[PDB]
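A quick write-up on the structure given underneath.
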2 protein chains.
Amino acid sequence: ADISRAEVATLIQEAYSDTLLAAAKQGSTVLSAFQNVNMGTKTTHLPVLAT
Amino acid sequence: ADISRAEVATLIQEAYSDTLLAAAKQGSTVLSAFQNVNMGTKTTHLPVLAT
């Protein structure tokens, strides 16, 4: 005796949005606070003044 | 059945970097705080009022 929103089936379509999806990425702190030194092998030796 | 990094001994070289080596040097304080009198001899005499 009446048409409910179930009996209309897929003529009513659900909808989509990006609005909450995007999230900012945060880099390393130490890779921007300090000098990045290139390496070509596992170990690099650095001499320093000692006395 | 497997090669480990201990078994590749000295086919892997160790590198060097001077990026920590360069210490800066600090001058005398008294040579910048006060007048530098040029001398051509061991002794200079300066008279002053005394009474």
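Residues are named by chain letter and number: chains run A, B, ... in the order of the structure tokens, numbers start at 1 in each chain, and ligands are numbered from 1 in the order shown.
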
With chain B as the partner and 8 Å as the cut-off, tabulate the residues of chain A that qualify, each row holding the nearest pair of atoms and their distance in Å to one decimal, using only C-alpha atoms, sorted by chain and rising number, as a tab-separated table.
residue	atom	partner	partner_atom	distance
A:39	CA	B:15	CA	7.9
A:40	CA	B:15	CA	7.5
A:41	CA	B:14	CA	6.5
A:42	CA	B:14	CA	7.2
A:43	CA	B:14	CA	5.3
A:44	CA	B:15	CA	4.5
A:45	CA	B:16	CA	4.8
A:46	CA	B:17	CA	5.0
A:47	CA	B:21	CA	5.8
A:48	CA	B:21	CA	4.7
A:49	CA	B:21	CA	6.5

Give chain A as an mmCIF file with N, CA and C atoms, in the first residue's frame once it has been least-squares superposed onto chain B over every C-alpha atom, paired in order.
data_model
loop_
_atom_site.group_PDB
_atom_site.id
_atom_site.type_symbol
_atom_site.label_atom_id
_atom_site.label_comp_id
_atom_site.auth_asym_id
_atom_site.auth_seq_id
_atom_site.Cartn_x
_atom_site.Cartn_y
_atom_site.Cartn_z
ATOM 1 N N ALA A 1 78.733 -23.048 2.780
ATOM 2 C CA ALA A 1 77.360 -23.078 2.300
ATOM 3 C C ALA A 1 76.714 -21.687 2.170
ATOM 4 N N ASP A 2 77.363 -20.639 2.669
ATOM 5 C CA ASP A 2 76.948 -19.246 2.512
ATOM 6 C C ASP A 2 78.158 -18.315 2.478
ATOM 7 N N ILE A 3 78.047 -17.196 1.767
ATOM 8 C CA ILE A 3 79.070 -16.149 1.734
ATOM 9 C C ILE A 3 78.792 -15.150 2.857
ATOM 10 N N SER A 4 79.648 -15.083 3.870
ATOM 11 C CA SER A 4 79.594 -14.032 4.886
ATOM 12 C C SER A 4 80.305 -12.761 4.425
ATOM 13 N N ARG A 5 80.021 -11.618 5.053
ATOM 14 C CA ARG A 5 80.820 -10.403 4.835
ATOM 15 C C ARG A 5 82.335 -10.395 5.114
ATOM 16 N N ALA A 6 82.876 -11.402 5.812
ATOM 17 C CA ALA A 6 84.309 -11.639 5.909
ATOM 18 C C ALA A 6 84.864 -12.251 4.616
ATOM 19 N N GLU A 7 84.164 -13.223 4.035
ATOM 20 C CA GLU A 7 84.589 -13.934 2.824
ATOM 21 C C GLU A 7 84.537 -13.073 1.563
ATOM 22 N N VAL A 8 83.839 -11.945 1.599
ATOM 23 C CA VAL A 8 83.858 -10.924 0.543
ATOM 24 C C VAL A 8 85.137 -10.068 0.579
ATOM 25 N N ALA A 9 85.891 -10.097 1.682
ATOM 26 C CA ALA A 9 87.143 -9.371 1.876
ATOM 27 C C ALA A 9 87.051 -7.887 1.464
ATOM 28 N N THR A 10 88.107 -7.327 0.876
ATOM 29 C CA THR A 10 88.230 -5.899 0.542
ATOM 30 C C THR A 10 87.339 -5.445 -0.628
ATOM 31 N N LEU A 11 86.431 -6.280 -1.148
ATOM 32 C CA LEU A 11 85.414 -5.810 -2.099
ATOM 33 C C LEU A 11 84.418 -4.863 -1.429
ATOM 34 N N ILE A 12 84.193 -5.025 -0.124
ATOM 35 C CA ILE A 12 83.500 -4.048 0.714
ATOM 36 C C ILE A 12 84.554 -3.078 1.248
ATOM 37 N N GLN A 13 84.437 -1.805 0.885
ATOM 38 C CA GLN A 13 85.395 -0.758 1.226
ATOM 39 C C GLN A 13 84.831 0.155 2.311
ATOM 40 N N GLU A 14 85.594 0.393 3.369
ATOM 41 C CA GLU A 14 85.300 1.447 4.339
ATOM 42 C C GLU A 14 85.438 2.834 3.701
ATOM 43 N N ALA A 15 84.760 3.833 4.255
ATOM 44 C CA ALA A 15 84.642 5.167 3.676
ATOM 45 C C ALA A 15 85.094 6.263 4.644
ATOM 46 N N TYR A 16 85.452 7.414 4.092
ATOM 47 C CA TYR A 16 85.875 8.591 4.846
ATOM 48 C C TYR A 16 85.117 9.928 4.738
ATOM 49 N N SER A 17 85.171 10.754 5.781
ATOM 50 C CA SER A 17 84.526 12.072 5.774
ATOM 51 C C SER A 17 85.268 13.129 6.595
ATOM 52 N N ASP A 18 85.254 14.369 6.114
ATOM 53 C CA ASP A 18 85.787 15.545 6.808
ATOM 54 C C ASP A 18 84.836 16.107 7.868
ATOM 55 N N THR A 19 83.591 15.638 7.931
ATOM 56 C CA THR A 19 82.472 16.411 8.492
ATOM 57 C C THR A 19 82.679 16.865 9.936
ATOM 58 N N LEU A 20 83.350 16.066 10.768
ATOM 59 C CA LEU A 20 83.635 16.403 12.166
ATOM 60 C C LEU A 20 85.056 16.943 12.399
ATOM 61 N N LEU A 21 85.906 17.003 11.372
ATOM 62 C CA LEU A 21 87.327 17.324 11.511
ATOM 63 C C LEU A 21 87.575 18.799 11.808
ATOM 64 N N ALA A 22 86.890 19.688 11.096
ATOM 65 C CA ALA A 22 87.097 21.123 11.203
ATOM 66 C C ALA A 22 86.765 21.640 12.608
ATOM 67 N N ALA A 23 87.691 22.388 13.203
ATOM 68 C CA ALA A 23 87.551 23.015 14.510
ATOM 69 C C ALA A 23 88.008 24.477 14.448
ATOM 70 N N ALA A 24 87.227 25.385 15.030
ATOM 71 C CA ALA A 24 87.536 26.810 15.089
ATOM 72 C C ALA A 24 88.693 27.101 16.054
ATOM 73 N N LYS A 25 89.562 28.046 15.687
ATOM 74 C CA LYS A 25 90.672 28.524 16.520
ATOM 75 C C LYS A 25 90.317 29.868 17.139
ATOM 76 N N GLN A 26 90.592 30.032 18.426
ATOM 77 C CA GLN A 26 90.292 31.238 19.196
ATOM 78 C C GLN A 26 91.581 31.997 19.517
ATOM 79 N N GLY A 27 91.671 33.258 19.099
ATOM 80 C CA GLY A 27 92.846 34.097 19.332
ATOM 81 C C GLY A 27 93.005 34.542 20.783
ATOM 82 N N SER A 28 94.062 35.289 21.077
ATOM 83 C CA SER A 28 94.188 35.996 22.354
ATOM 84 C C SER A 28 93.073 37.034 22.508
ATOM 85 N N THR A 29 92.580 37.195 23.728
ATOM 86 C CA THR A 29 91.633 38.238 24.126
ATOM 87 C C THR A 29 92.351 39.568 24.244
ATOM 88 N N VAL A 30 93.505 39.588 24.910
ATOM 89 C CA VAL A 30 94.186 40.842 25.219
ATOM 90 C C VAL A 30 94.752 41.502 23.967
ATOM 91 N N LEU A 31 95.177 40.738 22.956
ATOM 92 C CA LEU A 31 95.668 41.290 21.688
ATOM 93 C C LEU A 31 94.586 41.955 20.830
ATOM 94 N N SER A 32 93.302 41.792 21.155
ATOM 95 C CA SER A 32 92.203 42.484 20.469
ATOM 96 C C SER A 32 91.463 43.460 21.382
ATOM 97 N N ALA A 33 91.519 43.273 22.700
ATOM 98 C CA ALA A 33 90.969 44.204 23.673
ATOM 99 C C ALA A 33 91.782 45.498 23.810
ATOM 100 N N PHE A 34 93.095 45.449 23.589
ATOM 101 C CA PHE A 34 94.036 46.521 23.928
ATOM 102 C C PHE A 34 94.956 46.865 22.757
ATOM 103 N N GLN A 35 95.617 48.023 22.797
ATOM 104 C CA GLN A 35 96.543 48.421 21.738
ATOM 105 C C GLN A 35 97.790 47.535 21.733
ATOM 106 N N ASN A 36 98.152 47.028 20.559
ATOM 107 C CA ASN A 36 99.427 46.366 20.329
ATOM 108 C C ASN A 36 100.495 47.415 20.024
ATOM 109 N N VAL A 37 101.517 47.501 20.865
ATOM 110 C CA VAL A 37 102.625 48.452 20.742
ATOM 111 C C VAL A 37 103.827 47.711 20.180
ATOM 112 N N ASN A 38 104.388 48.188 19.078
ATOM 113 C CA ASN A 38 105.567 47.575 18.482
ATOM 114 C C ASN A 38 106.803 47.773 19.376
ATOM 115 N N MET A 39 107.704 46.796 19.442
ATOM 116 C CA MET A 39 108.978 46.914 20.157
ATOM 117 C C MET A 39 110.128 46.485 19.244
ATOM 118 N N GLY A 40 111.275 47.156 19.326
ATOM 119 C CA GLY A 40 112.488 46.806 18.575
ATOM 120 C C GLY A 40 113.616 46.232 19.430
ATOM 121 N N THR A 41 113.379 46.057 20.724
ATOM 122 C CA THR A 41 114.361 45.680 21.740
ATOM 123 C C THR A 41 113.625 45.109 22.950
ATOM 124 N N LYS A 42 114.324 44.493 23.903
ATOM 125 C CA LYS A 42 113.691 43.868 25.069
ATOM 126 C C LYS A 42 112.914 44.859 25.928
ATOM 127 N N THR A 43 113.444 46.044 26.203
ATOM 128 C CA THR A 43 112.810 47.009 27.115
ATOM 129 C C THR A 43 112.379 48.278 26.402
ATOM 130 N N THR A 44 111.119 48.675 26.570
ATOM 131 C CA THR A 44 110.619 50.013 26.235
ATOM 132 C C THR A 44 110.190 50.736 27.501
ATOM 133 N N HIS A 45 110.645 51.967 27.689
ATOM 134 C CA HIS A 45 110.246 52.869 28.762
ATOM 135 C C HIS A 45 109.122 53.791 28.307
ATOM 136 N N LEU A 46 108.115 53.969 29.153
ATOM 137 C CA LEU A 46 106.962 54.824 28.913
ATOM 138 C C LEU A 46 106.826 55.824 30.064
ATOM 139 N N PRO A 47 107.053 57.128 29.849
ATOM 140 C CA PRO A 47 106.808 58.127 30.872
ATOM 141 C C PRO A 47 105.307 58.332 31.077
ATOM 142 N N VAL A 48 104.899 58.569 32.319
ATOM 143 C CA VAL A 48 103.522 58.886 32.718
ATOM 144 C C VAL A 48 103.507 60.070 33.674
ATOM 145 N N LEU A 49 102.442 60.860 33.670
ATOM 146 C CA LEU A 49 102.236 61.928 34.643
ATOM 147 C C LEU A 49 102.085 61.349 36.054
ATOM 148 N N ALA A 50 102.700 61.935 37.075
ATOM 149 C CA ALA A 50 102.723 61.366 38.422
ATOM 150 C C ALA A 50 102.163 62.282 39.516
ATOM 151 N N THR A 51 102.221 63.607 39.370
ATOM 152 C CA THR A 51 101.583 64.559 40.299
ATOM 153 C C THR A 51 101.104 65.823 39.593
#
